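Sequence order for the protein chains is A and A'. A prime marks a further copy of an entry chain. For the first sequence, the residue numbers in PDB author numbering are 2 to 159, 170 to 242. For the second sequence, the residue numbers in PDB author numbering are 2 to 159, 170 to 242. Every residue gets a Cβ at the ideal spot worked out from N, C-alpha and C, and that includes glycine. Structure first, commentary second.
There are 2 protein chains.
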Amino acid sequence: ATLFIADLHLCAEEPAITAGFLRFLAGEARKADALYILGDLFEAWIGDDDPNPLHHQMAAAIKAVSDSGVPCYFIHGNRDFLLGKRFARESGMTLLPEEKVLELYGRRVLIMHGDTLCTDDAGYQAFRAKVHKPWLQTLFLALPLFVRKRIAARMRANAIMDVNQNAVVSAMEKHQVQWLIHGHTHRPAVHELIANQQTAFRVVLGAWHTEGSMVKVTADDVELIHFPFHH
Amino acid sequence: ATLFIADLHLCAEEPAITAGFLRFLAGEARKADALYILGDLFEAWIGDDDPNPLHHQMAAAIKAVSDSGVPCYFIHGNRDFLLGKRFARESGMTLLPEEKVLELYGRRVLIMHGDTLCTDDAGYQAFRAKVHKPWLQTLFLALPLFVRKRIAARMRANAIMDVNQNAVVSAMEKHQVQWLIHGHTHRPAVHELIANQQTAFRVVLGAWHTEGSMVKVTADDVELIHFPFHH
Ligand SMILES: CN(c1ccccc1C(=O)Nc1ccc(S(=O)(=O)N2CCN(c3cc(Cl)cc(Cl)c3)CC2)cc1)S(C)(=O)=O
Ligand SMILES: CN(c1ccccc1C(=O)Nc1ccc(S(=O)(=O)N2CCN(c3cc(Cl)cc(Cl)c3)CC2)cc1)S(C)(=O)=O
Ligand SMILES: [Mn+2]
Ligand SMILES: [Mn+2]
Ligand SMILES: [Mn+2]
Ligand SMILES: [Mn+2]
Numbered sequence: 002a003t004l005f006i007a008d009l010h011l012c013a014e015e016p017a018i019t020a021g022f023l024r025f026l027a028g029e030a031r032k033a034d035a036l037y038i039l040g041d042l043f044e045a046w047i048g049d050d051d052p053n054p055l056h057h058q059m060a061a062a063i064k065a066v067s068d069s070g071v072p073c074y075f076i077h078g079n080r081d082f083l084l085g086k087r088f089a090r091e092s093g094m095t096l097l098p099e100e101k102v103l104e105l106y107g108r109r110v111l112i113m114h115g116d117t118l119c120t121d122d123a124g125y126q127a128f129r130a131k132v133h134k135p136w137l138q139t140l141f142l143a144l145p146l147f148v149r150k151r152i153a154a155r156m157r158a159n170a171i172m173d174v175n176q177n178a179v180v181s182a183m184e185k186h187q188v189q190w191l192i193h194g195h196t197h198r199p200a201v202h203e204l205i206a207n208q209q210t211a212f213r214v215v216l217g218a219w220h221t222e223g224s225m226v227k228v229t230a231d232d233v234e235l236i237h238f239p240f241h242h
Numbered sequence: 002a003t004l005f006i007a008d009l010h011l012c013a014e015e016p017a018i019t020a021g022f023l024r025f026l027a028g029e030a031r032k033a034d035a036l037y038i039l040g041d042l043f044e045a046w047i048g049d050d051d052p053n054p055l056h057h058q059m060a061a062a063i064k065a066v067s068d069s070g071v072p073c074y075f076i077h078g079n080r081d082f083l084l085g086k087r088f089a090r091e092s093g094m095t096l097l098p099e100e101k102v103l104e105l106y107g108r109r110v111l112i113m114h115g116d117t118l119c120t121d122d123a124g125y126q127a128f129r130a131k132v133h134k135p136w137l138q139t140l141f142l143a144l145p146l147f148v149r150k151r152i153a154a155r156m157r158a159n170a171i172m173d174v175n176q177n178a179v180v181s182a183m184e185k186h187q188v189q190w191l192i193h194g195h196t197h198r199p200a201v202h203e204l205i206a207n208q209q210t211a212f213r214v215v216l217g218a219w220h221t222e223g224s225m226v227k228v229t230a231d232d233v234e235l236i237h238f239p240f241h242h
């Protein structure tokens, strides 16, 4: 199967989640055709030059997957939009655009983090628009690391709005798909809807905390799977 | 794996759900070690003498699973507590008590429909207590079929309360388990909790409508899986 995960929100303060992720990478992921990480892999990102040991540990673990013959891909989330080409190289991941149609076993599937669908959160969308400006990213990344951390602390100190259903249909009609997989909203579920005047499905991943979750796609099956961290 | 499903609420008026169930029985179920149906297989049951064609269709489909070498088991729900030894024989299913500990790959797992945990719904628990009296079941079943239908229509005409968390811990301590699988509440989820002063897990199945759901247990994994009806 092809696997999709999102919303791991990895951080030093939550080692149980990291352990769960390492188990997933060392086991489940090795049997996959490909692995797609649809954003919020990390709880925060202020640049690829950050010496946070968790980053290099995760890079090595993800690179082990692609080195074993399982291609890995990443779409940015709202937490980790500054994850860059250096980390992608270190982790063996291919960076994808914010919205991407895959051809999976003949099925067209739209993938994204999901935050672009949450059009009712005006405050979040204003934030997203600003921090996605390349010139501002470049300027931020040019600050001293210690300053970026001070900004981050305040910004992190400074409930996730669910998707707008019209935005969902709009996106699925734009991309001409009957399948959409995303995360962001932390509301794991399978939804049936109508797009392109045909039955359509939206499959939502969950955040990693007590459980992990993944979506498995094969030719004949699409499954949303939750698993507790019980090892 | 060993499979668990619940809350299919099968009825003539919802053929899409029946089709989804037939696909599950003809495919997924055949690969299983065993199949456990944890109640609310049917939307209603007024006795095994009911000539509803759906009942015989489902009996044949379930019996095909056990005849292929996959043992099937049933725990009653609140909808189908009158499902009896005749239907069990016709369907090749073994009837289990309302609460049962399984030994699955060395792991003790408590299974039940889930309604016994919903102790905050006084009206439901009063109903359950009365209709579980064997003498009343026997008397009801002795009514003419057409009368049972008239009673049923009114009773069906006459939101599901979630579990009581204390009832959960109580049950898991009573049965000395760290794992519980149930349905009834139509809130599919994986929960972590504490029972027997140790980490415990409660895995909840969902109702069948737009999606099906199952729990898969192997030696190393416990998974809650949702799948859309997309065939
Ligand atoms: C949904 N989320 C939001 C809702 C509303 C508004 C914002 C968010 C949100 O994602 N905030 C958020 C996202 C990431 C981060 S961070 O990784 O610490 N970091 C990202 C990089 N930042 C940054 C980027 C630019 Cl180019 C310019 C500047 Cl000066 C600063 C600093 C903050 C800090 C905060 S939430 C509740 O999860 O925070
Ligand atoms: C959670 N549910 C309840 C909540 C509160 C109270 C009751 C229920 C509930 O399960 N009701 C319910 C359950 C089954 C059925 S039924 O299958 O049509 N049928 C079952 C058999 N009945 C019956 C049994 C005895 Cl031995 C005596 C009598 Cl004279 C009657 C008739 C009704 C009809 C109604 S819910 C909302 O799903 O109905
Ligand atoms: Mn997230
Ligand atoms: Mn997000
Ligand atoms: Mn039910
Ligand atoms: Mn029930």
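Going along chain A', which residues have a C-beta under 7 Å from residue i?
i                   : result
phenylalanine 212/A : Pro239, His241
Would you mind giving the Cβ-Cβ distance between residue i and residue j, rounded to the nearest angstrom? I have them listed as a contact below 8 Å.
i                  : j                 : result
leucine 26/A       : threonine 19/A    : So it is not a contact: roughly 10 Å between Cβ atoms.
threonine 229/A    : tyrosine 106/A    : 6 Å
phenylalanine 82/A : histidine 133/A   : 7 Å
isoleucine 112/A'  : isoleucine 192/A' : 5 Å
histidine 186/A    : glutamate 100/A   : 7 Å
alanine 13/A       : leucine 55/A      : 5 Å
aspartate 34/A     : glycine 217/A     : Between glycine 217/A and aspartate 34/A the Cβ distance is about 22 Å, and since that is not below 8 Å, they are no contact.
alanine 206/A'     : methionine 183/A' : 4 Å
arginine 151/A'    : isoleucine 47/A'  : Contact doesn't hold; Cβ gap of about 10 Å is too wide.
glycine 85/A       : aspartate 49/A    : 4 Å
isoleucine 76/A    : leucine 97/A      : 5 Å
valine 201/A'      : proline 135/A     : No, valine 201/A' and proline 135/A are not in contact; Cβ-Cβ is about 40 Å, not under 8 Å.
Quick one, which of the options has its alpha-carbon nearest residue i's?
i                : options                                   : result
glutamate 203/A  : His193/A', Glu222/A', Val233/A'           : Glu222/A'
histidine 242/A  : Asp231/A', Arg31/A', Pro239/A', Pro72/A'  : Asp231/A'
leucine 23/A'    : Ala60/A', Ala143/A', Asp51/A'             : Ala60/A'
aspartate 121/A  : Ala200/A, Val174/A, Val66/A               : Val174/A
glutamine 209/A  : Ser224/A, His195/A, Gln189/A              : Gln189/A
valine 179/A     : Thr117/A, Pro239/A, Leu140/A              : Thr117/A
residue 160/A'   : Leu146/A', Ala154/A', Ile38/A', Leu142/A' : As shown, the structure holds no coordinates for residue 160/A'; chain A' passes over it, running from 159 to 170.
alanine 211/A'   : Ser181/A', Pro98/A', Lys101/A', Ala35/A'  : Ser181/A'
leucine 146/A'   : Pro52/A', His197/A', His56/A', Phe240/A'  : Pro52/A'
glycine 194/A    : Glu14/A, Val226/A, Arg151/A               : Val226/A
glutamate 29/A'  : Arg149/A', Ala154/A', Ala123/A', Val71/A' : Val71/A'
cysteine 119/A   : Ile6/A, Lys86/A, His197/A, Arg149/A       : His197/A
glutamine 176/A  : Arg213/A, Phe141/A, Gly48/A, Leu142/A     : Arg213/A
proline 16/A'    : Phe5/A', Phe43/A', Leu140/A'              : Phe43/A'
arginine 108/A'  : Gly21/A', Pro98/A', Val233/A', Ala127/A'  : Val233/A'
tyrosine 125/A   : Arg90/A, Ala153/A, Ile171/A               : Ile171/A
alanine 45/A     : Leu137/A, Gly78/A, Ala62/A, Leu142/A      : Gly78/A
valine 66/A      : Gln138/A, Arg155/A, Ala153/A, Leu4/A      : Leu4/A
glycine 40/A'    : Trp219/A', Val201/A', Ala154/A'           : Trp219/A'
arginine 90/A'   : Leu137/A', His57/A', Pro98/A', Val110/A'  : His57/A'
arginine 31/A'   : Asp68/A', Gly21/A', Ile6/A'               : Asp68/A'
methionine 156/A : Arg80/A, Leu144/A, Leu140/A               : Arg80/A
Could you tell me which chain A' residues have their CB closer than 9 Å to the CB of residue i, listed as they occur along the chain?
i                : result
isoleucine 236/A : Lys227, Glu234, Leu235, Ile236, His237
Per DSSP, which residues does residue i bridge with? Please list them.
i                   : result
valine 132/A'       : BP columns for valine 132/A' are empty, so no partner.
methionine 225/A'   : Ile236/A'
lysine 101/A'       : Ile112/A'
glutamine 209/A     : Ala206/A
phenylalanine 25/A' : Paired residue(s): none; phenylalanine 25/A' is not in a bridge.
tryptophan 190/A'   : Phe212/A'
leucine 11/A        : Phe43/A
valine 201/A'       : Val214/A'
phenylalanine 5/A   : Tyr37/A, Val226/A
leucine 96/A        : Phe75/A
Looking at residue i and ligand 8, is the gap between the Cβ and the nearest heavy atom below 7 Å?
i              : result
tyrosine 125/A : Only ligand 1, ligand 2, ligand 3, ligand 4, ligand 5 and ligand 6 can be found as ligands here, which leaves ligand 8 out of the picture.
What does residue i reach in chain A' if we use C-beta pairs closer than 8 Å?
i               : result
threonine 221/A : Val201, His202, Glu203
For a minimum of 4 consecutive residues, which ranges assigned as the alpha helix (DSSP H) are wholly contained in the stretch 28-87 of chain A'? 54-68
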